[PDB]
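Structure, as C-alpha cells:
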Amino acid sequence: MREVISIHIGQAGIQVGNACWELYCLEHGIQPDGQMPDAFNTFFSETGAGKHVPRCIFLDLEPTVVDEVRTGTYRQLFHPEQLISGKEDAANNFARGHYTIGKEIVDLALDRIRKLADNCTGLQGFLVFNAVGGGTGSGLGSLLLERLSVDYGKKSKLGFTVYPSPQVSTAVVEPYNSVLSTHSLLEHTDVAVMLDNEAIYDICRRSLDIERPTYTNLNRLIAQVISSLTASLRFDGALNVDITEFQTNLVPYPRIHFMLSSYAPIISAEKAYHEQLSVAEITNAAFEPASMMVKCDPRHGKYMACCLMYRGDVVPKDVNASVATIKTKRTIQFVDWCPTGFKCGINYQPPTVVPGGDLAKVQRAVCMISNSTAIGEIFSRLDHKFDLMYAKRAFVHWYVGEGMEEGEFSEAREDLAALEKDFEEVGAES
Amino acid sequence: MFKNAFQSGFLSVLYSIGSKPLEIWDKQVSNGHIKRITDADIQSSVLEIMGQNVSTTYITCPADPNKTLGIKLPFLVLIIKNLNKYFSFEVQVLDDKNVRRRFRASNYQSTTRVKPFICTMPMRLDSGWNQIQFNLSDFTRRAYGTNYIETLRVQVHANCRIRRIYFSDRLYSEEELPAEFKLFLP
Amino acid sequence: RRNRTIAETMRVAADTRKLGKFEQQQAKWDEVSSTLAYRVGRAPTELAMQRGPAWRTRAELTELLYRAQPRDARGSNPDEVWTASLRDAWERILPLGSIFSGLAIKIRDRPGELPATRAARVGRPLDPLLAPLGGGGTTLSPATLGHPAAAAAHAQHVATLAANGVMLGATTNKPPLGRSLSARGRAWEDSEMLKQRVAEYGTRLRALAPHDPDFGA
Amino acid sequence: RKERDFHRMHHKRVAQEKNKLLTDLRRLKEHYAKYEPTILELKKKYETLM
Amino acid sequence: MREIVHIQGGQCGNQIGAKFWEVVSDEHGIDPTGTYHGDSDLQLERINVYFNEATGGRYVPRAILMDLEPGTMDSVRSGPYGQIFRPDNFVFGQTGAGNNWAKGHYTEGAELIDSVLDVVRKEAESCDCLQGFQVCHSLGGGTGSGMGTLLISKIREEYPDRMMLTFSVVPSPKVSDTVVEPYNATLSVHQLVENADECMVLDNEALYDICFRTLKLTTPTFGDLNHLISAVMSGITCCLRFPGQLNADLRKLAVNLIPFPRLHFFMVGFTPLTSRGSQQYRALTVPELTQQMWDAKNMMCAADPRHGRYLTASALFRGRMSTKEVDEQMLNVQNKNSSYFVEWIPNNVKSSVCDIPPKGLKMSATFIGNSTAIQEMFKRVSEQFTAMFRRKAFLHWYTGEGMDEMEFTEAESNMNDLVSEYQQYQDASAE
Amino acid sequence: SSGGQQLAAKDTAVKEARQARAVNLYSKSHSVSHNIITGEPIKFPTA
Ligand SMILES: Nc1nc2c(ncn2[C@@H]2O[C@H](COP(=O)(O)OP(=O)(O)OP(=O)(O)O)[C@@H](O)[C@H]2O)c(=O)[nH]1
Ligand SMILES: Nc1nc2c(ncn2[C@@H]2O[C@H](COP(=O)(O)OP(=O)(O)O)[C@@H](O)[C@H]2O)c(=O)[nH]1
Ligand SMILES: [Mg+2]
C-alpha cells in the first residue's frame, strides 16, 4: 500500500508540520482526538480501535516547539514517543547539531524511523521538512539524511528546505549553516524542493491582500503545496502521479535535483467570486514568476523539466490546451536538449480549506514543481555572502570549538562552487 | 573427453582446412547457414556462420550435452574475420570449487556484467582478420577469486568466419609459432 | 576500403549500422564532453554528464546492503518475518480492499540471496574516463570503498597546506575552482557511515557477493 | 595601511585562537589529572595483593 | 471457437481496457454482475471469444491486468463493470516502475513477469483454439510500456504461431505528458517491430480533435477518449464474434495489411461520428460512412494521411448493408485520388462486412490504414531522442538499472531503419 | 449466530460503500449525459 513517512527537523520543521498536519486531518476527516467519524493509509496508520496516528516524527533539540504540540490541540493525535525532544538546542550552530549534540539524539531518531517503517507495508518515500539556515534544521538534518541514504536505499527522499533570502533573513549566521548543509542535501536527498521566506510573504501581501501576516499564515499554504504533490496517492484521478514519478522525470543529472514550487490559485474570500478560475488562467498564473515560492526569475534561466499537479474538475483537455499556449509564449524559455518538458498529473478532489484560513474554497488548483537553471542564482546570492563573512573568519570559533576543524569550511564553500558550476554547465547550449 | 589425449604445447580443437572440418563440433542453425567459403584476402577455405539472430544459431565443441571437454591450458586463441556484424562466443570453465562459470563475450554490449554464475563481456575488433587471445586463468582470476582448472564448453554463436581455434599454454608470437598455425605465412 | 528485394537489402546491412551508430555516438559524446568542459571550465571526468557509473555503483551498493542486512535492520514486522518463514517458501499475501473484491500482493523475498534478475554487478571497461578508477565498479571492501586515491591525495594536500600555515579563504577576489565530491573524496560512496556499515555487515556481504572484481582488464 | 591592517588582523586572530586552545588544553590537563592518584594507589594495592 | 486473450498493462492500458470491457459486456448483454441478460441469440453464439463461463452462468472476461502501482487497479476494480474481472487475474506489484523503461523491463518488472506469465499460460492452455493476444498499453510511460513489452517478447517465444494485436498510445506531438517520452517510445517500438505481429497506433491529440471538431464535446473527459478507442477495438474483432456476408478474422487482416514483415504499424478510425446537433440531419448510408472514413480528421493518429501513400487500407464494415455499395464506394475512393494510394499494389482496399451493427447504430465501420505517412510520427520521436540523447539527460535513471547504453543505440537504429523503409516504399515505382 | 448476522450486515455495508464509489467514478468519468457514439441515454449500470 502507498505509505509515506515524514520527518520534521528544527523549529521550522514542526511549525510547518503543525500547519501540514492540520490539513491532512480535515482531508480524511480525522479529528484532533484521532478518530474518524482506506484512502487515509498514506499519512495515517490505524491503531487498535478506530484511532489513527500520523506517520511522522517531530524531532528538535529545543524543547520549546515540541512541547507546544504536546500541550496544543493535537495532544491526542501524535504518539508521545514520536515527538522526540532534547535538552538544549543547537543554538544556530551547524557543528552543534552535527557533532556534539546531534550524535546522542540521532540514535533515538532511527529507533522510531525503523519502528515506523516496519509497521507500514510499502514505503513510497521520505518527506523532510527543515530549514537549512538554522542549527538543528541543518546540522541534525544533515546527520539524519546521511543515515537514511546509507540505511534505506532506493527509497526516494523529498526535500522541502526553507532557505535564506538575500533581501531579508532572521539570523546573522544564515550563510554558515546553509553552506555547510549543502554537502548533505546534494548527495543524500533525491529530490529537493526549495522554499524561501519573503518570496512567500509577497504571495500573502499581493495575492491574499493581507498586509501583516505571520509564520502561521506562511506555513498554511506551504501545506497546500505539500498536500497537492502527494494527493495522487490518497485519491483517485485521471493521471495517478506517484512519488517515484518526481525522481524519474524532474532530474536529468544526479546532483542537480533542485526544483521550485508554485501554487496557482492564491485568492481571498472576497476576490474569489469576481475572478473566474479558468484552467488557462491558473496555468498562466502558475508559470508567472510572481507565483513562485522562491525568488527566481525564470526569464533569466531556462526550464529543465516541469511537473504539473492538477486538482479538482480539470478535464484532460483543458490541461492540454492551456499548456500548449505555455510553450508558444516567448517569455517561457525551455532548455534546448529537453523538447518533452511537461509532466501532467490530474487528480479528482478539490483542495480542502481549514476553518479560519486565508485561502478560499476553489474548484481547481495547480501545484507546479519545476526544474530551472535560475535556481542556481539563489546559490550565487549565498556565495558572495559566505565569502565576505569567511574572509575575516567571523563567527567561526563557535564552529571550531564544537568538534569541527577550521578546514571543514573550505571544502563546504568549494562544494558550493561545484553546485554553481554545475548549473551554468547544464544551462549552456550545445 | 580430451583428458587422456593431452598434447604438450598447442592443442588444436578445430581447424577449417581438411577433408571434414566439422569432425567433433555439433551444429545448430535457425534462420541462418553454415558455409565453408574460401575468402578473398587469404584465398583459403574458412568456415562461416551466419544468422539473422545471434542466440539461435550456434556450434558447440562437445556434441552431446551431457559430455564435457577438458583442456588444462589457460589460453584460447581464435582466428576470426571481422564481418562488421554481431559476434558472440562463450566459454564455460570449471573452477577451484568445482563450479561452472560461463564467460560470454559479445559485440552488442559495451559494459561488462558479472552475475554469480555467468559473466558477460564486451568485444571490440579491428578491421579485417583477427586473432583473439582469451586468457582463461587471468579472466577467471579477475572475475572471481578462484583459479582455472579446465574448460568444459566452447561455443561461437555469431556471424563470423572461423578457422584455427585452439588452446595455448602461453602467448606465442609469429616467430615461435608452429608451421601450420600461421594463417599469414611471412 | 572499397536481384534482391529492398527489405532484404535493408535487413542484411542493418546490423552493420547497428554496430556503427554506437561508435558514432561515442565520438559525438567525446566531442560534446570536450566542448562543454572547455566552455564551463572543468575536467571532462568532472562534468555532470559523466555521473552515470557513480549512480550505478551507488544503486549496486544500496541493493547489496538491503539484501545483506540482518533481519532486524531489514524489518522486525511480526507478521512479515513469521508468515514468510512458515515454510521453505517465502511469500507473504498483502490484502488490498475489502474481503468482497480483494486483491493480493504476493511479496517474495528470500533473505541472504539477491534475486536472479537483480544479482548483477555492472561496470564499464571501455569508457576511458574511468581509467584512473581501474574500471568503475562496485567495491565491497572498506579500504577501496568509494574513491580512495583522490581522497588520500586531498588529505595529503590539506595536511601539507595546514603544516605550511597558508590561508586559503583570505581574499574574495579569487573564486574557488569547482571540483566535485568524487574529486575531493566526499561523494556518497566515500562516506564514513557506509564505511562503518559495510565493516559491520561485511561477513554476510561477502556471503552474498563472493569477490569484488577488478574491471580494468 | 589597509594591507598591513589585513595582516595584523590575521596575526591577532590566530594568536587569540592559539591562546584559547592552549587554555582548553590546560583545562583538560587539570580535569584528567585527578585520575592519576587513584590509579597509582589501585596499582599499589594490586602489587601488594599479588 | 476462435478466441483472444486480453492483456492490459500500465495506467493507460487499465483505464482504456476498463472502458473496452464496457462495450463488449454491453454488446454481448453481460450485466454489471456478470450474468447474461442479452435479448438476442446471436450475442450468445460466440461468447467464448472473450469470456469464460463460470458458476451461476455468469461470464468472467479473459483479461489479465498488470501494473506495478496498486493505485490503478483500485480504480478498475471499484469502478463500474469492475466486478466482472477475476481477482486472480489482478497480477500487480507494490514498488512502482514510475515512468522508467529500465525498471519495468529489466529490474522491477521482472519479478512480476514470472507471475503474470503464469496466469496468461493458465488462460491460454485452458481455452481450446487461440487466435492471439490483444494487448493494450502505452509508450510514453514506463510501467506499461516497460512491463508490457517484456511480456510481448516472452509470449512470442512460448507461442510463435499466434498474433499480437497491440493498441499502444504514442507521445503527443504538441504536448508531452511525461518528460521521458522519447526514451520510452523509441525503446519500446524497437521491442515491438520484431515481436508484435501487427500494431495499432493511437494518441491523445488526434482523439482531442475528433471530440471537438466532429462530436462537438468542448469538455471531453478521460473516458470519452477511451469510448472512441474501445469502439475501434470491438470493430477489429467484429467478424469473429458475429456472422456476416464477408467475414475477416485477425489473420485475414494481417495477411492483407502487412506487405513486408516490419511494416506493421497501423492508423485507425471509427466512421459514424456526429454531434447531437447534427444527428437528425445525417443520412447514414454507405456513401456517408465512406466519406467520413477516409477523411484525415477522422483518423486516431497524429500523422496526416495526405502526406504519404496508403500501402494497404482495410475497413471492417458492420450493419445490414449491400456489398455492392461497399464494393463501389471503395472502388471510387481509389480512383478519385490515386496519388494518395500506392501504385504497385493493385486493389489496396480490404473490404469485409458483418451483418450485426453495434447497439444503438444501424450502420458502422472500422478503418485500418497502413500509411507511410506514419513515418512522420517516428521521425518526431527520434528527433526528440537525439536532442535528449546527445547530453545524457535523464539517462542515468535508465543505466542505473543495469541497462547498457548499447540498447539506446540499438533502439533508434531500428527506429531509423523503420522510418527509412517507409520513405523508400513511398518513393518506389513500378515500371 | 449473531456474529454471522453481523458479518452479513458488514458485507452489506461494504456493498453500499462500493456502490457509492462506483457512482462517483462513473459520474466523473462520463462528461455529457448521453452516449458519445450512439443515440442512447446514459444510465448507471445496475443489475
Ligand atoms: N516557512 C517557515 N520558515 C520558518 C518558520 N519558522 C522559522 N522558519 C525559518 O527558520 C529560521 C529560524 O531558525 P530555525 O532553522 O527554525 O532554527 P532550528 O532549526 O530550530 O535550529 P536551532 O534553533 O539552532 O535549534 C528562520 O530564519 C526562518 O527562515 C515558519 O514558521 N515557516
Ligand atoms: N487515450 C488515453 N490515454 C491515456 C489514458 N491513460 C493514460 N494515457 C496516456 O498514457 C501516457 C502516460 O502513461 P502512464 O500513466 O505513465 O503509464 P504507466 O507508466 O504504465 O503507468 C500519457 O501520455 C497519457 O496520455 C487513457 O485512459 N486514455
Ligand atoms: Mg531551534
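Chains as they are written, first to last, in our numbering: chain A, 14 to 443; chain B, 301 to 486; chain C, 407 to 623; chain D, 4 to 53; chain E, 7 to 437; chain F, 405 to 451.
Even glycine gets a Cβ: it sits at the ideal position worked out from N, Cα and C.
Neighbour-count burial assignment, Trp-350 (chain E), 16 or more Cβ in a 10 Å radius: exposed
Just to confirm, does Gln-89 (chain A) get its C-beta within under 8 Å of one of the non-hydrogen atoms of ligand 1? no
I need the straight-line Cα distance from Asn-353 (chain E) to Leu-252 (chain E), nearest angstrom please. Rounded to the nearest angstrom, the two C-alpha atoms are 17 Å apart.
Beta carbon of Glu-59 (chain A): closer than 8 Å to some heavy atom of ligand 1? In this structure, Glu-59 (chain A) has its CB at a distance of at least 8 Å from all heavy atoms of ligand 1.
Which chain C residues are close to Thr-356 (chain B), counting only those with a beta carbon under 7 Å from its beta carbon? Here the premise fails: no neighbours, minimum Cβ distance about 14 Å.
Comparing the CB of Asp-331 (chain A) with every heavy atom of ligand 3, is any distance shorter than 8 Å? Relative to ligand 3, the beta carbon of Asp-331 (chain A) is positioned no closer than 8 Å to any heavy atom.
Please report the straight-line C-alpha distance between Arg-480 (chain C) and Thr-41 (chain E), rounded to a whole angstrom. Each residue's Cα considered, the two are about 47 Å apart.
What span of residues does the alpha helix (DSSP H) with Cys-217 (chain A) cover, start to end? 210 to 219
Just verifying my parser: in three-state terms, what is the DSSP assignment at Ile-359 (chain B)? strand
Of the residues B:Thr-412, B:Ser-344, B:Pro-321, which one's Cα is nearest the Cα of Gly-542 (chain C)? Cα-wise, what sits closest to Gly-542 (chain C) is B:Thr-412.
So, for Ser-194 (chain A): in the same chain, excluding its five sequence neighbours on each side, which residues have a beta-carbon less than 6 Å away from its beta-carbon? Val-145, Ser-151, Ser-155
Indicate, with yes or no, if ligand 3 has a heavy atom lying under 8 Å from the CB of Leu-157 (chain A). no
Element boundaries [alpha helix (DSSP H), containing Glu-20 (chain D)]: If you look at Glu-20 (chain D), you'll find it in the alpha helix (DSSP H) that goes 5 to 35.
Positions along the region 397 to 420 of chain E whose CB lies within less than 7 Å of some CB in chain C: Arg-397, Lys-398, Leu-401, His-402, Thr-405, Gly-406, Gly-408, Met-412, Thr-415, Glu-416, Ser-419
According to DSSP, simplified to helix, strand and coil, what is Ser-191 (chain A)? helix
Hey, which residues come within less than 7 Å of ligand 3, measuring from Cβ to any heavy atom, in chain order? A:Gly-23, A:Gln-24, A:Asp-73, A:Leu-74, A:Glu-75, A:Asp-102, A:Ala-103, A:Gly-147, A:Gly-148, A:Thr-149
Could you tell me whether the Cβ of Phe-139 (chain E) comes closer than 9 Å to any Cβ of chain F? Output row for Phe-139 (chain E): interface = no.
Please state whether DSSP places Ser-151 (chain A) in a helix, a strand or coil. Here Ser-151 (chain A) carries a helix assignment [DSSP, helix/strand/coil].
Between which residues of its own chain and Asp-102 (chain A) is the CB-CB distance below 7 Å, once the five residues before and five after are set aside? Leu-74, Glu-75, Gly-148, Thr-149
Can you tell me which of E:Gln-390, E:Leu-317, E:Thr-227 puts its alpha carbon nearest to the alpha carbon of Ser-435 (chain F)? Selected option, being the one with the closest Cα: E:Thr-227.
Could you name the residues of chain E that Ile-441 (chain F) contacts, counting a contact when the two beta carbons are closer than 8 Å? Within chain E, the C-beta atoms nearer than 8 Å to that of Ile-441 (chain F) come from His-233, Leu-234, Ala-237, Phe-276, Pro-278, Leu-279, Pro-364, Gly-366, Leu-367, in chain order.
For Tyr-361 (chain A), go through chain F and note every residue whose CB falls closer than 9 Å to its CB, in chain order. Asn-428, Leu-429, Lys-432
What is the C-beta distance between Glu-469 (chain C) and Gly-166 (chain A), in whole angstroms, given that I count them as a contact (C-beta under 8 Å)? 7 Å
Along chain A, in chain order, which residues have C-beta atoms closer than 8 Å to that of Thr-441 (chain C)? Those within 8 Å of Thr-441 (chain C) in chain A are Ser-443.
Would you say the region 315 to 325 of chain A touches the region 352 to 363 of chain A, given that touching needs at least three Cβ pairs under 8 Å? yes
Status (buried if at least 16 other CB within 10 Å, exposed otherwise) for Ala-399 (chain E): buried
May I ask which residues mark the beginning and end of the alpha helix (DSSP H) holding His-410 (chain A)? 410 to 414
In angstroms, rounded to a whole number, what distance separates the CA positions of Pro-329 (chain A) and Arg-109 (chain A)? 51 Å
Distance CB(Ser-182 (chain E))-CB(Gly-354 (chain A)) smaller than 9 Å: Yes, they are a contact pair.
Which residues in the same chain have their Cβ closer than 6 Å to the Cβ of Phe-107 (chain A), if we skip the five residues on either side of it in sequence? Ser-151, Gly-152, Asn-190, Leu-193
Quick one: residues in its chain with C-beta nearer than 6 Å to the C-beta of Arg-127 (chain E), no 5 flanking neighbours on either side, listed in chain order? none
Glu-211 (chain E) and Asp-134 (chain E) closer than 9 Å at C-beta: no
Please state if the CB of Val-274 (chain E) and the CB of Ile-374 (chain E) are separated by a distance shorter than 9 Å. yes
Three-state class that DSSP yields for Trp-34 (chain A) in the structure shown: helix
Using CA atoms only, rank isn't needed, just tell me which of C:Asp-620, C:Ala-613, C:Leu-583, C:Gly-575 is closest to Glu-421 (chain A). C:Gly-575
Are residue 1 (chain E) and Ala-108 (chain E) closer than 9 Å when you measure CB to CB? In this structure chain E extends from 7 to 437, so residue 1 (chain E) is not present and cannot be described.
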